[PDB]
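What follows is a short report on a single structure.
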Number of protein chains: 2
Amino acid sequence: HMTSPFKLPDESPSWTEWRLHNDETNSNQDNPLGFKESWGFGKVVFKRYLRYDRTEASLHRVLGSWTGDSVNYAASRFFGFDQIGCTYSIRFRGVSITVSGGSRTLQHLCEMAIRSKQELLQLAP
Amino acid sequence: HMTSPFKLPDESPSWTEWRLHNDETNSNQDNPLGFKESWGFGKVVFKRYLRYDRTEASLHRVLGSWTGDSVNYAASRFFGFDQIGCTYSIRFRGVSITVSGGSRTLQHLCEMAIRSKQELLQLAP
RNA sequence: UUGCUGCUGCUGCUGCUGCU
RNA sequence: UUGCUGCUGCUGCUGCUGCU
């Protein structure tokens, strides 16, 4: 058991739900069920698939999936004298963004990760 | 010879200039000579080190180092039926951002790359 | 484009090394 | 933190493969 940086649980679709969504949507790279994101600290990675429908209500919900404080609490379990690498990644509609650097830069990594997340999820389709 | 996506030439400092800058600046991860960025198309990568001093004039100059059109002109030299991977990376003050995906998403990659570049270069120190 | 296995080729990050 | 060499460990992207 490990404390996760995420504050919402994973919502990965089953294979059947994915196949049903594929049968009832025209392009499904344009209209996925949601997006995937992950936070890596040294060799430990935590991942989420979150549903997102491009409304303001849904954007607000998924932007609450991690904060600077929840990331710092989870990441500090792995910190010591030497710096470790930290990475946030998010993929949505065929585009991935990663924000990465050493643990001494974690506050800045979170600031850039949250802004990347918001821009990507709001990208004109 | 290859057509580059960049519209400004490389400004990598020499080793001596870097050592002189290191002797006259207090922290040099806080106050680097500039930032590094690269555009990768399949296995071909183009890189720049650009000087940047955190003023509006300098931000405006370095945001002119590539556009959607200069990236598309350079990247289309490598396109064909199958998609290739495309990646933009930028590192500044210890934080790297990469934006990546397949060549069919290149317009969106540029849109997200330019926004990432601007946020990172404007990040509060 | 759900999740995962094996292969490939590139990148990015951390640490280390030897120049510059 | 200039640029580069060799090592390491993770990630991300493209393509391919076999489930789900």
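Values reported hereafter were calculated over all heavy atoms of this structure, with side chains retained and with hydrogens, waters and symmetry mates removed. Naming convention: chains lettered A, B, ... in sequence-line order (proteins, then strands); numbering from 1 in each chain.
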*Only counting residues at least two apart or in another chain, list the ones meeting side-chain contact (heavy atoms from CB on, under 4.5 Å) with A/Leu123.*
A/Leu120, B/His108, B/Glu111, B/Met112
*With B/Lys36 via salt bridge (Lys or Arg N to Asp or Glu O under 4.0 Å) - residues at least two apart*: none
*Which residues satisfy the side-chain contact (heavy atoms from CB on, under 4.5 Å) test with A/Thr3, sequence neighbours excluded?*
A/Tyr73
_Proximity to the side chain of B/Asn22 - top-ranked nucleotide from D/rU1, D/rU2, C/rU1_ = D/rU1
*With rounding to the nearest 0.5 Å, note down the distance linking OG in A/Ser65 to CG in A/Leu50.*
5.0 Å
_Checking one residue: B/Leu33. Which other hydrophobic residues are in its cluster under the side-chain 4.5 Å linking rule?_
B/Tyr49
*CD of B/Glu24 versus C1' of D/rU2: gap in Å, rounded?*
14 Å
*Tell me: CG of B/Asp23 to P of D/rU1, nearest whole Å?*
18 Å
*Residue pairs passing the salt bridge (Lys or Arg N to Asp or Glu O under 4.0 Å) test where at least one lies in residues 57-68 of chain B, sequence neighbours excluded*: B/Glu11-B/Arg61
*Quantified in whole Å, what is the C1' atom distance between nucleotide D/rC13 and nucleotide C/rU1?*
16 Å
*Gap in Å between the two P atoms, one belonging to D/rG12 and one to C/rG3, rounded*: 11 Å
*Once you round it to whole Å, what is the distance between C1' of D/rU1 and CG of B/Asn28?*
4 Å
*Quick one: hydrophobic cluster around A/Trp18, which other residues, with the 4.5 Å side-chain cut-off, linked directly or via members?*
A/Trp15
_Output the pairing pattern of RNA chain C as a dot-bracket string, 5' first, Watson-Crick or G-U wobble with both distances under 3.5 Å, | for cross-strand pairs, [ ] for crossing pairs._
..||..|.||.||.|..||.
*Look at all strands and tell whether A/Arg19 reaches a base, only sugar-phosphate, or nothing, counting heavy atoms closer than 4.0 Å.*
nothing
*Determine, for nucleotides 10-20 of chain C in 5'-to-3' order, which nucleotides have protein heavy atoms under 4.0 Å from the base (write B), from only the sugar-phosphate (write S), or from neither (write -).*
SSSSSS----B
*From B/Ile90 atom CD1 to B/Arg48 atom CZ, the distance as rounded to the nearest 0.5 Å*: 14.0 Å
*Can you list, by residue number, the residues of residues 49-75 of chain A that have a non-hydrogen atom closer than 4.0 angstrom to RNA chain C?*
A/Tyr49
*For A/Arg19, check salt bridge (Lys or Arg N to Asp or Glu O under 4.0 Å) against everything at least two apart and list the hits.*
none
*Atom-pair distance (CG on B/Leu20; P on D/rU2), nearest Å*: 13 Å
_salt bridge (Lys or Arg N to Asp or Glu O under 4.0 Å) against A/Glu119, all qualifying residues, sequence neighbours excluded_ = none
*asked:* Applying side-chain contact (heavy atoms from CB on, under 4.5 Å), can you list everything that pairs with B/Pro125, at least two apart in sequence or on another chain?
replied: B/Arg54, B/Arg93
